[PDB]
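Trainee:
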Amino acid sequence: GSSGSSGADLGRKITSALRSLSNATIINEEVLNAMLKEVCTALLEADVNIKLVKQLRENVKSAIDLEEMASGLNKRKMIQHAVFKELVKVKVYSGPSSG
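Under the numbering used here, the first residue of the sequence shown carries the number 48, and numbering increases by one thereafter.
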């Protein structure tokens, strides 16, 4: 079963992931790493090439900073958005990009 044609379930697969953070209190490299396995999946369940999804995690993890992050709800924010943001990137097609 599946109604509509666009996705939905997609962001829903990741949503829960990112949502796993808002709940999480620790928040560390592991988390992202773990949560990633939950996100990277969605992408993998989309069509994106593993080689890409393998470059996303980094581009994402690198977009953050677990190597050194005191503490702040922001982290969970900038993180929850970071990902949701990267999803927008995923290798621009030909928009407002500067290589």
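Built from N, CA and C at the ideal position, the CB exists for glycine as well.
1) Buried or exposed: where does residue 61 fall if 16 or more other Cβ atoms within 10 Å of its Cβ makes it buried?
2) Output yes or no for whether 8 Å exceeds the beta carbon distance between residue 111 and residue 126.
3) When the distance is taken between beta carbons, is residue 86 closer than 8 Å to residue 130?
4) Does the distance from the C-beta atom of residue 120 to that of residue 93 stay below 8 Å?
5) Which two residues bound the contiguous alpha helix (DSSP H) that contains residue 138?
6) Looking only at its own chain, which residues have a Cβ that is under 8 Å from the Cβ of residue 103, when we skip the five neighbours before and after it?
7) Sorted by chain position, which residues of the same chain lie with C-beta nearer than 6 Å to residue 65's C-beta, five sequence neighbours on each side aside?
Mentor: If we stick to the structure as given:
1) buried
2) yes
3) yes
4) no
5) Note, residue 138: premise wrong, no alpha helix (DSSP H); not H, not E.
6) 87, 90, 95, 133, 137
7) 127, 130
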